Amino acid sequence: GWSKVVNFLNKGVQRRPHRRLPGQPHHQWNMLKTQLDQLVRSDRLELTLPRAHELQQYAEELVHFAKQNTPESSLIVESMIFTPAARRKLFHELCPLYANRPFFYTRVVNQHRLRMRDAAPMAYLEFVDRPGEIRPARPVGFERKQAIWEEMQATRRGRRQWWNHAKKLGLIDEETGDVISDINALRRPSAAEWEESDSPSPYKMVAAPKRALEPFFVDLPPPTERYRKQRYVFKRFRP
Amino acid sequence: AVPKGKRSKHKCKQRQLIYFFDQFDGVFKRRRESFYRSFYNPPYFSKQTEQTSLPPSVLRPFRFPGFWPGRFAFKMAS
RNA sequence: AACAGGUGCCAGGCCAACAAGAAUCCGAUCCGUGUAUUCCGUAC
RNA sequence: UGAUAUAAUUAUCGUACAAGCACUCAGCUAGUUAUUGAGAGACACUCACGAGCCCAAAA
RNA sequence: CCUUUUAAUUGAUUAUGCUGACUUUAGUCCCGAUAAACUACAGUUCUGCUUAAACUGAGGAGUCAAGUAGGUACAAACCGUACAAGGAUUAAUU
RNA sequence: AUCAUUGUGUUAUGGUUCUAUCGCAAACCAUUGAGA
RNA sequence: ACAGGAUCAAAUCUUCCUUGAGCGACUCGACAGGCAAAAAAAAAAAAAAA
RNA sequence: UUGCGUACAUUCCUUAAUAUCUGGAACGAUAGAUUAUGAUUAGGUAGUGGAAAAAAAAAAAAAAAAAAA
RNA sequence: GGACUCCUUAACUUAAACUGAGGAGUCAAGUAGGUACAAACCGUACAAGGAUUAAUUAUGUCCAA
RNA sequence: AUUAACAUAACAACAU
RNA sequence: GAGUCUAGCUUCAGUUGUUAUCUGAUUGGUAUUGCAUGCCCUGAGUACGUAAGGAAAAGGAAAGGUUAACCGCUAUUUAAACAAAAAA
RNA sequence: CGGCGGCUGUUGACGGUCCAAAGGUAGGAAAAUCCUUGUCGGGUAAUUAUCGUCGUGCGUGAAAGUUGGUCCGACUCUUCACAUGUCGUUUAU
RNA sequence: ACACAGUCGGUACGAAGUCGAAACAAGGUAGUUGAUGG
RNA sequence: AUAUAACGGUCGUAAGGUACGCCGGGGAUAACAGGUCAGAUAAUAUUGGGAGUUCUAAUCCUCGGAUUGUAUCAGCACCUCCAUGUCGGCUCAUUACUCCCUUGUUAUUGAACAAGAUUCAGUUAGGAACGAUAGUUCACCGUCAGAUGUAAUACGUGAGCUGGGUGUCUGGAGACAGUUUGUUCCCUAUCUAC
RNA sequence: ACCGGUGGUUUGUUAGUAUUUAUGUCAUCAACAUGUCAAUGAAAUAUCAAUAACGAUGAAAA
RNA sequence: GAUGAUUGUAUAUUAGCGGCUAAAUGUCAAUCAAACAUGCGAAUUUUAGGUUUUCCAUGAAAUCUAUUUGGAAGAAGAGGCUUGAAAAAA
RNA sequence: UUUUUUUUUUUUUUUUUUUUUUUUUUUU
RNA sequence: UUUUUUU
RNA sequence: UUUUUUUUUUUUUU
RNA sequence: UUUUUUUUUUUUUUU
């Protein structure tokens, strides 16, 4: 090429909202559908930047419609997954998670590098507020209020800047015109928690950080290490 | 159509520089700037190449020890 | 035509079982069958 | 900056010119020969002997 | 060196000439119908086609080509592969 | 002696044909050996 | 620029002359912005604070 | 009325002339040193004629040559 | 077994750069000059060769000159 | 080891 | 030296065509028209003409046709279907 | 086994004369042939295109194969019907 | 480079000083000036 | 003693076609396109005669000559050289003429009005719809009445398209239609002389 | 003077020389592919030492 | 087209002065009105291409007869060239 | 919500709309 | 640096 | 000679 | 009346 044609042709051309994909629409939709399930099952995927900016559109809608907990919404959620494992995870680990998160459960990170074999850009599509995340996420709900109160109590500048905002949240005592002293008073029960229903055993489980541990040892690799397979097989040339 | 005559050396010479500038302004310059941005972030580590590749690292080396103040190495312990 | 071979490249007198000078001077490195002078063997 | 100037080659009455070949370079490539011919008003060199000259094949 | 001779076939920008090299056109033209995933505590991705049974007493119902084309370390190398009696009664040994 | 600057001049590098004999009688001449 | 100059000398608020046309007008002097990310029919939209 | 511009000198200097007639049937001579006021001269296709060159090979003539060494 | 022009003249549409004759120049085989732009017209004391010099020719003398 | 065509580089320039 | 807005020049066709004298206190002294198809209306059944017959000055309007612009309405085609509660 | 015609007189059965082996038969006929608009009728707002017909305008011509009832059709043409971006005149995915 | 990419021709140092400028003349002193009633 | 009368003499009484056309060298397809030529012929004006017959010039027909020009026909060379009845249509266009309609109120008129005819003038302004038969185009035919509707440019236009006969090509240079940050933001640019 | 053995000359310093095979075609048939048996050097029985530099042999080298 | 002048197959025959041909000048080893290979049978051309260093002297024609006379001068003959001059004082 | 004519609007200005270029700088 | 128009 | 002047005219003969 | 013509390459007609 010439590198000038690109510029000459692009004059007075509108941008496309939805990025084109190789194949018929029926194929494209299938592709995106399957990639959504694969993204749900992993927690981070490595994809090209254009594609990473495209899959995030449905990545948000899936979680947005999964939290309604309605027959109608359930249908739409059903209409966007394939495998049962993704359904299970979405309905048992992600829904409880984003209980207090209004929106924006995903992000895109650019790698600023080119593929060796393709010379193409690369990016990561990782969920927000997940173990081993690239960067930490901000608090929401009562956590946010506590953060804000901390900020306020830290220094004068924070107090001044958050003065207006604090009023709405109720962190300012109207009876004395000062920041609330006790912040735990604004604690409320969240949806994620378990409502109240109202031993000397040797087989008792042991507390541990993600899931408990059994009092017995089982000779078994992790879930991700008990099923091996060759990634790729060479194809001999036929001269 | 078909060419009527042969192109002179001068024309070719001109074309060379034209093309070089064209390419430099649009490919090379963009690539350089994109490359240089990655420095801030840790190097890239590939899982596939783990069989032979060196362990991961974060810290970057200094190519110019002449302008490198502060300690360079630590004394051995007793 | 002493082109009869070889020896670091042009040898009658050096190797080649039988004749005849490690001959003298000159030589960029650099051996040097080369220039100049001269002796000898020959029914080769 | 001033003045001045119609690539080359063959044919043709015609520099004929909007006809034929050639991007460039390297190697090869087109008047060869009188034991048998010759001075003839469009062009004919020189040696020996002399009313005498040459001598063929064996050798 | 000079002088006499030479049957050398002895003389080149050109026969779209024969045998070769290297420029221009020219970073121009050319790219075959369908992919994806391999994770931070379980699982079955989508699509096209539809003769994929290997003792059951019966040699899988045939011919031809390959002058040996589905063996082998992400090898176009080296090294191997054709058993009409099926050798492992190998139901044992350790 | 017009480089205004994309030109020219010098020099250098690169490209570039590819020849080391393994041979030499049946003819002629000289000499020598046994027997007529 | 009321900046300079003359006069027995101007209503508050310069009688009159000079500045070639007060550098075409205004304004700036740490002034001005090519490329990258992101966005992007022309065009517009980001205060600084890794 | 009297004017003026303009293309071409073998004036000067250096070469050449081969089908019997350019002086020259001259001079010189041991293989010719090119004539100074010397006459005609020297555009050329086709055809014809004269002359000088083409670094090479062969040949049984590569030291009787000043000065210097 | 010839192209342009001058005089005479055959043919044709007193046509055409045609077709064909009688006798002079030029080109062909001629340089440079003039005629605005491409052989043929005018002139030439017409191109062996070299230099920074003088001349009545076609013909010119408001500017390009 | 090797000529030309062809390919790249270095130096040289000012009345501009 | 730099930012903005601009003077001059340039632009489809084409031209050089404009102002003597000067209301005496009396309601004041040229003015954005270059240009042009057809049919209908006022002027008008008037000018003209025995009769039949039947104009112009000016303006106003309904079709057809060309150029340019745009998405308020209609027609064709087509896409989207997601965050008001700080009890969330 | 090549082929088969002149003058002249009353639309003209008929009469004169020349020539020859014989002197186009019937049918078809504006034609796989003349002519790229022969008269009239059917279709259309227009038909010289095409069917029917007349048999003169030129002419073809019988086991040289002529004519053709019925049946038949990858053979020309007329004409009817449905849908239709062929179209005035071009759009969207 | 306008050029079939050529040819001819092609730039005239000092005062950029100054304690000079004297054996012309005049002179508003400027190292000034020389003719002319249309 | 015949022939050579093709009589400078071999006639030996020995002819035609090829649309099946290969090879060699030349530029001519059976109207000889273009350029040149200007016979016929076209434009303006003029004269003779005949219409309008009261009247030679409101207006019309025809003849001779002169100037300008060459649309068309014939002829066609020594010049030129592509492929055809020496184009039919589609797309896209440029130029000239007082050019079909719109202008010159008001004297050229056999012009009462209306509707009409010939000629001339600008600073060159706005406009002009279709169909059937395919007999290469002309007289005429039917509809909206857009209201009597000519030439040149290689048939204008075939490396833009094509059709029932009176080949192919991926755009190197000109032109035309779009587009171009800059003094710097690729590299380099090293006085004077003790 | 046959016949055996040895040596020299000419042909021939002036003339030239080919034996193996990759590729075309059904066949006939056609055909000069790719420097040398070869690092270089007279001699490798001179190619030593190695870590940069300086060092060794050789006429010449890293 | 597909119940028939259906399709398909091992190995075979017809050879250029030829054979094949439900007859086209259609086909016989992917341009056959007469195939391909070889040739010391060593291929012919009034057409046409090419033809290699300099200097000097001299210097044409496109006209005629003949060839049943042509055309883009073919062949043969004739014609056309070096003959002369041009150096002087009572 | 977008595009388009099959819809709608104009048929005026030409010293107008618009624009890449401040020029007393005669040898950068 | 124009000429001519008898008596 | 007078802006008289789309094909219409006046004055003066310069 | 004359000098000024195809001077028809351009300007100019300066008489």
# chains A, B, ... in the order shown; residues from 1 in each chain; ligands from 1
>>> residues_around(residues="residue 27 in chain L", least_positions_apart="4", cutoff="10 Å", atoms="only C-alpha atoms (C1' of nucleotides)", output="number ranges by chain")
L: 61-62, 66-67
>>> residues_around(residues="residue 63 in chain I", least_positions_apart="6", cutoff="12 Å", atoms="only C-alpha atoms (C1' of nucleotides)", output="PyMOL selection string")
chain T and resi 10-12+14
>>> select_by_dssp(residues="range 24-133 of chain A", states="strand (DSSP E)", output="mmCIF file with C-alpha atoms, in the first residue's frame")
data_model
loop_
_atom_site.group_PDB
_atom_site.id
_atom_site.type_symbol
_atom_site.label_atom_id
_atom_site.label_comp_id
_atom_site.auth_asym_id
_atom_site.auth_seq_id
_atom_site.Cartn_x
_atom_site.Cartn_y
_atom_site.Cartn_z
ATOM 1 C CA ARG A 44 -9.551 -13.389 32.448
ATOM 2 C CA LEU A 45 -9.206 -13.989 28.684
ATOM 3 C CA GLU A 46 -6.432 -12.753 26.389
ATOM 4 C CA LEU A 47 -7.924 -11.429 23.140
ATOM 5 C CA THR A 106 -15.812 -5.802 33.541
ATOM 6 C CA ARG A 107 -12.860 -3.878 32.093
ATOM 7 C CA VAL A 108 -10.384 -3.993 29.205
ATOM 8 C CA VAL A 109 -6.594 -3.727 29.620
ATOM 9 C CA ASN A 110 -4.265 -2.998 26.689
ATOM 10 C CA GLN A 111 -0.946 -4.884 26.610
ATOM 11 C CA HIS A 112 0.847 -2.333 24.355
ATOM 12 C CA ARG A 113 2.453 -5.233 22.454
ATOM 13 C CA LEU A 114 2.257 -6.896 19.074
ATOM 14 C CA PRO A 121 -2.510 -5.744 19.397
ATOM 15 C CA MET A 122 -3.356 -7.671 22.554
ATOM 16 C CA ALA A 123 -5.575 -7.046 25.560
ATOM 17 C CA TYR A 124 -7.058 -8.703 28.652
ATOM 18 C CA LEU A 125 -10.782 -8.962 29.455
ATOM 19 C CA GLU A 126 -10.915 -9.529 33.219
ATOM 20 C CA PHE A 127 -13.840 -9.231 35.622
#
>>> interface_residues(of="chain A", to="chain K", cutoff="7 Å", atoms="only C-alpha atoms (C1' of nucleotides)", output="PyMOL selection string")
chain A and resi 61+64+100+102-103+169
>>> write_last_selection(atoms="C-alpha atoms", output="compact mmCIF listing (two decimals), in the first residue's frame")
# COMPACT_ATOMS: atom_id res chain seq x y z
CA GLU A 61 -25.73 -7.36 29.80
CA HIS A 64 -27.30 -6.97 34.36
CA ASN A 100 -24.11 -3.87 45.65
CA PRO A 102 -24.92 -0.96 40.12
CA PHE A 103 -23.05 -1.68 36.85
CA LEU A 169 -25.34 10.05 52.59
>>> select_by_dssp(residues="chain B", states="helix (DSSP H, G or I)", output="number ranges by chain")
B: 9-37, 48-51, 65-67
>>> write_last_selection(atoms="C-alpha atoms", output="short mmCIF file (atom, residue, chain, number, x, y, z; two decimals), in the first residue's frame")
data_model
loop_
_atom_site.label_atom_id
_atom_site.label_comp_id
_atom_site.auth_asym_id
_atom_site.auth_seq_id
_atom_site.Cartn_x
_atom_site.Cartn_y
_atom_site.Cartn_z
CA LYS B 9 17.74 6.71 -12.06
CA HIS B 10 16.72 10.09 -10.74
CA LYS B 11 13.07 9.18 -10.57
CA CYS B 12 13.84 6.00 -8.69
CA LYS B 13 16.01 7.93 -6.30
CA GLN B 14 13.22 10.35 -5.59
CA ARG B 15 10.75 7.54 -5.14
CA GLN B 16 12.99 5.87 -2.61
CA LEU B 17 12.99 8.87 -0.30
CA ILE B 18 9.28 9.45 -0.87
CA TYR B 19 8.45 5.93 0.18
CA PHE B 20 10.84 6.00 3.11
CA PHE B 21 9.17 9.13 4.51
CA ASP B 22 5.72 7.69 3.83
CA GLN B 23 6.47 4.55 5.77
CA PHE B 24 8.34 6.27 8.58
CA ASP B 25 5.38 8.60 9.08
CA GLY B 26 2.80 5.95 9.75
CA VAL B 27 4.38 2.68 10.68
CA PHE B 28 7.75 2.92 12.32
CA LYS B 29 7.06 6.05 14.36
CA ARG B 30 3.81 4.58 15.74
CA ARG B 31 5.49 1.26 16.55
CA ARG B 32 8.35 2.91 18.37
CA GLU B 33 6.02 4.91 20.58
CA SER B 34 3.87 1.82 21.29
CA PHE B 35 7.00 -0.17 22.19
CA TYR B 36 8.36 2.46 24.51
CA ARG B 37 5.14 2.54 26.56
CA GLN B 48 4.14 -21.97 26.57
CA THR B 49 7.80 -21.03 26.68
CA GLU B 50 8.18 -21.94 30.34
CA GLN B 51 10.15 -25.03 29.42
CA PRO B 65 26.01 2.63 34.72
CA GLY B 66 27.99 5.89 34.28
CA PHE B 67 24.92 7.95 35.34
#
>>> residues_around(residues="residue 29 in chain P", least_positions_apart="2", cutoff="12 Å", atoms="only C-alpha atoms (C1' of nucleotides)", output="PyMOL selection string")
(chain O and resi 25-27) or (chain P and resi 35-36)
>>> write_last_selection(atoms="N, CA and C atoms (P, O5', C5', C4', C3', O3' and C1' of nucleotides)", output="PDB file, in the first residue's frame")
ATOM      1  P     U O  25       8.343 -35.481 -21.493  1.00  0.00           P
ATOM      2  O5'   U O  25       8.252 -36.256 -22.882  1.00  0.00           O
ATOM      3  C5'   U O  25       7.641 -35.745 -24.003  1.00  0.00           C
ATOM      4  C4'   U O  25       7.729 -36.573 -25.180  1.00  0.00           C
ATOM      5  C3'   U O  25       7.208 -37.965 -25.114  1.00  0.00           C
ATOM      6  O3'   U O  25       5.819 -38.122 -25.132  1.00  0.00           O
ATOM      7  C1'   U O  25       9.289 -37.968 -26.123  1.00  0.00           C
ATOM      8  P     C O  26       5.049 -39.086 -24.104  1.00  0.00           P
ATOM      9  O5'   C O  26       5.570 -40.545 -24.477  1.00  0.00           O
ATOM     10  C5'   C O  26       5.303 -41.665 -23.725  1.00  0.00           C
ATOM     11  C4'   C O  26       5.297 -42.904 -24.463  1.00  0.00           C
ATOM     12  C3'   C O  26       6.473 -43.216 -25.320  1.00  0.00           C
ATOM     13  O3'   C O  26       7.613 -43.682 -24.657  1.00  0.00           O
ATOM     14  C1'   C O  26       4.507 -43.634 -26.489  1.00  0.00           C
ATOM     15  P     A O  27       9.089 -43.127 -24.967  1.00  0.00           P
ATOM     16  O5'   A O  27       9.425 -43.711 -26.410  1.00  0.00           O
ATOM     17  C5'   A O  27       9.491 -45.055 -26.694  1.00  0.00           C
ATOM     18  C4'   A O  27       9.445 -45.376 -28.097  1.00  0.00           C
ATOM     19  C3'   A O  27      10.471 -44.773 -28.987  1.00  0.00           C
ATOM     20  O3'   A O  27      11.741 -45.360 -28.953  1.00  0.00           O
ATOM     21  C1'   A O  27       8.371 -44.507 -29.927  1.00  0.00           C
TER      22        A O  27
ATOM     23  P     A P  35       1.688 -34.457 -45.043  1.00  0.00           P
ATOM     24  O5'   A P  35       1.498 -34.874 -43.517  1.00  0.00           O
ATOM     25  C5'   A P  35       0.829 -34.102 -42.596  1.00  0.00           C
ATOM     26  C4'   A P  35       0.782 -34.636 -41.254  1.00  0.00           C
ATOM     27  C3'   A P  35       2.038 -34.728 -40.467  1.00  0.00           C
ATOM     28  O3'   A P  35       2.564 -33.534 -39.963  1.00  0.00           O
ATOM     29  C1'   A P  35       0.864 -36.709 -40.270  1.00  0.00           C
ATOM     30  P     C P  36       4.102 -33.112 -40.167  1.00  0.00           P
ATOM     31  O5'   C P  36       4.898 -34.009 -39.118  1.00  0.00           O
ATOM     32  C5'   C P  36       4.782 -33.873 -37.755  1.00  0.00           C
ATOM     33  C4'   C P  36       5.388 -34.931 -36.981  1.00  0.00           C
ATOM     34  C3'   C P  36       6.857 -35.146 -37.087  1.00  0.00           C
ATOM     35  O3'   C P  36       7.692 -34.245 -36.422  1.00  0.00           O
ATOM     36  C1'   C P  36       5.776 -37.166 -37.314  1.00  0.00           C
TER      37        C P  36
END
>>> residues_around(residues="residue 21 in chain Q", least_positions_apart="3", cutoff="12 Å", atoms="only C-alpha atoms (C1' of nucleotides)", output="PyMOL selection string")
chain K and resi 8-10
>>> atom_distance(atom1="CA of residue 182 in chain A", atom2="CA of residue 157 in chain A")
20.8 Å
>>> atom_distance(atom1="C1' of residue 44 in chain C", atom2="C1' of residue 2 in chain C")
10.3 Å
>>> residues_around(residues="residue 20 in chain C", least_positions_apart="2", cutoff="9 Å", atoms="only C-alpha atoms (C1' of nucleotides)", output="PyMOL selection string")
chain C and resi 12-13+40-41
>>> write_last_selection(atoms="N, CA and C atoms (P, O5', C5', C4', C3', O3' and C1' of nucleotides)", output="PDB file, in the first residue's frame")
ATOM      1  P     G C  12      71.367 -26.416 -19.586  1.00  0.00           P
ATOM      2  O5'   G C  12      72.389 -27.605 -19.899  1.00  0.00           O
ATOM      3  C5'   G C  12      72.008 -28.963 -19.750  1.00  0.00           C
ATOM      4  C4'   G C  12      73.228 -29.837 -19.465  1.00  0.00           C
ATOM      5  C3'   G C  12      74.005 -29.429 -18.219  1.00  0.00           C
ATOM      6  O3'   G C  12      73.418 -29.955 -17.036  1.00  0.00           O
ATOM      7  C1'   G C  12      75.483 -29.882 -20.048  1.00  0.00           C
ATOM      8  P     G C  13      73.297 -29.070 -15.707  1.00  0.00           P
ATOM      9  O5'   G C  13      74.680 -29.312 -14.942  1.00  0.00           O
ATOM     10  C5'   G C  13      75.077 -30.609 -14.541  1.00  0.00           C
ATOM     11  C4'   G C  13      76.584 -30.639 -14.256  1.00  0.00           C
ATOM     12  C3'   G C  13      77.038 -29.640 -13.191  1.00  0.00           C
ATOM     13  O3'   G C  13      76.934 -30.180 -11.881  1.00  0.00           O
ATOM     14  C1'   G C  13      78.462 -29.573 -15.101  1.00  0.00           C
ATOM     15  P     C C  40      89.538 -24.748 -19.630  1.00  0.00           P
ATOM     16  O5'   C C  40      88.719 -26.077 -19.281  1.00  0.00           O
ATOM     17  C5'   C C  40      89.148 -26.965 -18.264  1.00  0.00           C
ATOM     18  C4'   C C  40      87.994 -27.831 -17.753  1.00  0.00           C
ATOM     19  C3'   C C  40      87.437 -28.808 -18.776  1.00  0.00           C
ATOM     20  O3'   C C  40      88.242 -29.967 -18.919  1.00  0.00           O
ATOM     21  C1'   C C  40      85.668 -27.692 -17.651  1.00  0.00           C
ATOM     22  P     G C  41      88.336 -30.731 -20.321  1.00  0.00           P
ATOM     23  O5'   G C  41      87.046 -31.669 -20.336  1.00  0.00           O
ATOM     24  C5'   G C  41      86.896 -32.707 -19.386  1.00  0.00           C
ATOM     25  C4'   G C  41      85.500 -33.320 -19.466  1.00  0.00           C
ATOM     26  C3'   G C  41      85.147 -33.889 -20.838  1.00  0.00           C
ATOM     27  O3'   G C  41      85.679 -35.190 -21.050  1.00  0.00           O
ATOM     28  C1'   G C  41      83.343 -32.607 -19.964  1.00  0.00           C
TER      29        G C  41
END
